[PDB]
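All ligand and atom numbering here is 1-based and tracks the order in the structure. Chain A is the first sequence line, chain B the second, and so forth, proteins listed ahead of strands; every chain is numbered from 1.
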There are 2 protein chains.
Amino acid sequence: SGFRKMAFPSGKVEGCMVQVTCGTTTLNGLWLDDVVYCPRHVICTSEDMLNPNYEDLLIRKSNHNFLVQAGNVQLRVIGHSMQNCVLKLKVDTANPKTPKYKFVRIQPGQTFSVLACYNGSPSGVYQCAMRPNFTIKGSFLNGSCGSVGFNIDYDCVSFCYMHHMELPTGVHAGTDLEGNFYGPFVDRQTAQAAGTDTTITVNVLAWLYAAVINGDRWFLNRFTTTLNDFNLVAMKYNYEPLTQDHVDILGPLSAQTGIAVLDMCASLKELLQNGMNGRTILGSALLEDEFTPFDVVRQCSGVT
Amino acid sequence: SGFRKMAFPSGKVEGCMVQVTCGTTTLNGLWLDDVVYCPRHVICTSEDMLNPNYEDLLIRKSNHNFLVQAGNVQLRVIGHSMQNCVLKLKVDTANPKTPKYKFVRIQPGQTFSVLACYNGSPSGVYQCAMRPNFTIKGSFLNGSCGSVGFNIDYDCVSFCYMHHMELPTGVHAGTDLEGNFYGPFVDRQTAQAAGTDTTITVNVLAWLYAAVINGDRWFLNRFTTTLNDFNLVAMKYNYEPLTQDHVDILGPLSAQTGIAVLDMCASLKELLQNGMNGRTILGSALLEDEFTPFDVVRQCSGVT
Ligand SMILES: O=C(Cc1cccc(Cl)c1)Nc1cncc2ccncc12
Ligand SMILES: O=C(Cc1cccc(Cl)c1)Nc1cncc2ccncc12
């Protein structure tokens, strides 16, 4: 029993982290096969970060201007190219520690582990979610750019995120491993609107199933609801609307506990209308939305 | 900015995990140099777990009865011995992936990362604290025994915990890497008293400094207090008493924010007497005690 904000073991990603220096700027890079992926703002100085013409700034750069260091040893850059907001540095050596991997673009509401890095060295690992407004609520300091988000299926690491920017609101924006920012964000030093951030309803429901599984059952009530009635309540409280796809993914958890999905929605509705009344659920005093139904199943089953 | 329940990168521990089978029981082992450490209840069947005479049960075991598998390859056991509640299996090969390491016994209130494992394979990593009643609030399923808790200083892994048991209350009990259980717990299938669990006052104060550092400052007030006055409030609310050693360790955070330690105690006092009033602090609706003052400094500085 017990429920934790658990991250994937970070070892397979640790062996891919390198440090990339260009001019006076140093950030993290991701070494896979013979290619190092890093954010393209590595070619920038604070002066041109106000409105950078990346194509023009890259024209002044050569393969020898990109310094790629793996641990303590230097990699030789034999090629460079820009793909959207990331730079791809071809190196002359394939990373001996490249794991099985995929580059995936996650949907909002999905979760992932982040391996925070400074100077190509890892500092820590944590679990987080892609918010409905396409920001991540991370923990990142200057020099954390290039840190990646990922998921792991058995032996295959699915890279989903690469950190780029911190908004004035202390929230984080970044790209998939093809260089496309999640959301409206651009890699510029301008104030950018994050957008309204809703609560991920399917994840709070999944977390509520995990609470029942691990002993916390005070919030269970004698009521049921319909998808349309529940969605009226979700609208008022800035929760994402629940659809039949959401109910379908909550099938395994509904089957494990024997609480119908709509019966659990009625518990959610009453917790939203009445609050927790000073009580807790899995050691939290608020409704947690950063565990997907897959995460709860995996944590309560023990997938390695 | 941002504050996360961050764990150490788990790679150095991943390369030490093995699977140990003895009879019909399989649990995790920790392979360091030529020795595999695992919980001694590996020699037990559910029948003798009611009151096992471990010395007598080990007499019926030989080096060939302990099956140690590293990934997919078998290790040859050339020696075995019992040290307190752990078994030390000498193997004929030194783990090529043994990192720099120490075996340390942590104090209650201190935190550590856990690499949860099933069948010698890692499932996830999470941050947790040794509770004042010597239990850990983990997330563990059957077969997680042998999973280790650790800290990392630059390149040296300090192993502090090895998981053994889950109490009827869903809380976890375990040992240091010398086989000594933290707390009164024995490795038997009997109901055991966890004890009163207080809140780690120095850690909530450190977390409150982290909140100020990362923008959350609503809880700051126009008051101060004394150590004796604050301790009266801590007593009422089951918080550990604050001592001058606690105030000394909160020096760096007091110096970083400019809020005197006793001034921050006065904020803690008012949050304890008045609650959060529906507000949050670092995305939490309760006072978090699982970040030490060292953890806050490291997270807000970027130690790798
Ligand atoms: O914000 C930036 C640099 C940047 C500025 C403008 C556009 C881009 Cl694409 C990148 N990176 C950082 C990441 N995470 C956290 C931070 C904390 C402190 N300072 C900087 C941080
Ligand atoms: O409780 C036990 C076995 C045990 C029984 C009595 C004494 C000892 Cl030293 C060990 N180990 C488990 C660890 N963590 C979580 C669990 C979850 C489910 N089943 C079992 C768990």
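- Heavy-atom neighbours of B:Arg105 CZ from other residues, nucleotides or ligands within 6.0 Å: above the threshold of 12.
- Atoms of ligand 1 found under 4.0 Å from any heavy atom of A:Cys145, numbered from 1 in the order shown, are 11 (N), 12 (C), 13 (C).
- Of all the heavy atoms of B:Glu166, the ones lying under 4.0 Å from any atom of ligand 2 are found in both the backbone and the side chain.
- If you look at A:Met49 next to ligand 1, the close heavy atoms, those under 4.0 Å, all belong to the side chain.
- Residues B:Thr26 and B:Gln19 have side chains that never bring a donor and an acceptor to within less than 3.5 angstrom of each other.
- Remark: the A:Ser121 side chain and the A:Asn119 side chain contain no N/O donor-acceptor pair separated by less than 3.5 Å.
- Any N or O atom pair closer than 3.5 Å counts here, and A:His172 shares no such pair with ligand 1.
- For atom 9 (Cl) of ligand 1, the closest non-hydrogen atom of the protein is A:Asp187 CB, 3.0 Å.
- Protein heavy atom in closest approach to atom 5 (C) of ligand 2: B:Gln189 OE1, 3.5 Å.
- Around CZ of B:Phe294, the count of heavy atoms belonging to other residues, nucleotides or ligands within 6.0 Å does not exceed 12.
- Between A:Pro52 and the options A:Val186, A:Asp187, A:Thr45, A:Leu57, a side-chain contact (heavy atoms from CB on, under 4.5 Å) holds for only A:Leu57.
- Geometric assessment of A:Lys5 against the ring of A:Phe291 yields a positive cation-pi assignment under the 6.0 Å and 45° thresholds.
- For B:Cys85, no heavy-atom contact with ligand 2 is shorter than 4.0 Å.
- Here A:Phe159 and A:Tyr37 keep their ring centres 6.0 angstrom or further from each other.
- Here the protein heavy atom with the shortest distance to atom 15 (C) of ligand 2 is B:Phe140 O, 3.3 Å.
- Regarding atom 20 (C) of ligand 2, its nearest protein heavy-atom neighbour is B:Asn142 OD1, 3.5 Å.
- Of the candidates A:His163, A:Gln192, A:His164, A:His41, the one placing a heavy atom closest to atom 2 (C) of ligand 1 is A:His164.
- Atoms of ligand 1 lying under 4.0 Å from any heavy atom of A:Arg188, numbered from 1 in the order shown and given with element: 6 (C), 7 (C).
- For the side-chain contact (heavy atoms from CB on, under 4.5 Å) with A:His80, the lone residue among A:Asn65, A:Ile43, A:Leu58 that qualifies is A:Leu58.
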